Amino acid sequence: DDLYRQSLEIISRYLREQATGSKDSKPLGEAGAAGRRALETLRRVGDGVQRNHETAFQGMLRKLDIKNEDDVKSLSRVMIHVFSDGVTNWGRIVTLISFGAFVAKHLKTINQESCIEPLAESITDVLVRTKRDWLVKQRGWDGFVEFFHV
């Protein structure tokens, strides 16, 4: 429960600042101690993932053809299917969130800023609900910060 809210805040803040072209955001009270360092790490690693995988991200975004809220809702099916296929690791978790930021930037360009918070919830549901046991074993977001040790 606490992990869900903490994850939702980190993911929501990162998607929102990526879409508005911001490098920071105010804490919303649910991310706690680990929140600041997690978002700082996610900005570093996440920005890098979007840069290094830009052609693949542009290709997939185009194929997904996201124009509105109904299209955003439809993403959860493929999101859970792809994210559940294969190994669990921090690298894949960053790819999931980074693609979310890449989609959020797209949503802002097409005046669909209202879809960003629903998308963050979609991503948080997939991440936390399918990886809760693994996240607990890694000490969640403290594990994330330590793994990348930026």
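In this text, residue numbers run from 1 along the sequence as written.
According to the PDB record, 57-65 carries the higher mean C-alpha B-factor of the two stretches 57-65 and 88-96.
Between the stretches 98-106 and 79-87, it is 79-87 that shows the larger average CA temperature factor. Of the residues listed, 25, 18, 12, 130, the entry assigns the biggest Cα temperature factor to 25. Of the residues listed, 120, 42, 49, 31, the entry assigns the biggest Cα temperature factor to 31. When the CA B factors of the chain's modelled residues are split into thirds, the value for residue 8 lands in the lowest one.
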